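One chain comes next, on its own, written as structure tokens: the form solved without D-MYO-inositol-1-phosphate (IPD).
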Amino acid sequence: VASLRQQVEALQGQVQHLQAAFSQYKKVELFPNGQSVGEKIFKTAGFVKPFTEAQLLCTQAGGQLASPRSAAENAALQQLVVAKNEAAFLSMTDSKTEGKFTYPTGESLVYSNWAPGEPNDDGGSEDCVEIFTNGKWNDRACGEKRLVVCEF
């Protein structure tokens, strides 16, 4: 037995040391271009791309375009948008069924923070969503270039 027990005290100690260095490196990681809320991390690319290119960039990297599902997440996304001062695309579109915004998974929105008047399908052709510096959403034509923020 008790060799076993020494090994546990040893392993536990090297594990606690690794979670200490991991917390510090997580903060350094997110500065300046990232934000975490719960288990989700938003990180911006720092550049501007049309919806399809933005979505491709995020899935290829193993994530998804920012999809705020609660008020706290929208706040965290807003910090990133305020810091960069460019509005960002969110993941959701209504291109399947005009007027029903769906997460890229197909499910209906659980949270929304639409600017008054929106969504308004302006010009007959506004299928993507953009979050502005004030945290409110506006629907926008997918072909516009907006800030790429992915979530992981």
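Heads up: residue numbers just count along the shown sequence, starting at 1.
The discussion below concerns the form solved in complex with D-MYO-inositol-1-phosphate (IPD), not included here.
Pocket open vs blocked [D-MYO-inositol-1-phosphate (IPD) transferred in the bound PDB entry by site C-alpha superposition; 2.4 Å, backbone or C-beta, 3 atoms]: Open: no clash with the backbone or C-beta atoms.
Listed range touching D-MYO-inositol-1-phosphate (IPD), judged in the bound PDB entry by heavy atoms within 4.5 Å, from 46 to 54, 28 to 36, 118 to 126, 104 to 112: Looking at the other structure, the answer is 118 to 126.
Could you pull out the residues of 133 to 151 that have any heavy atom within 4.5 Å of D-MYO-inositol-1-phosphate (IPD) in the bound PDB entry? Sequence-ordered list: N138, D139, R140.
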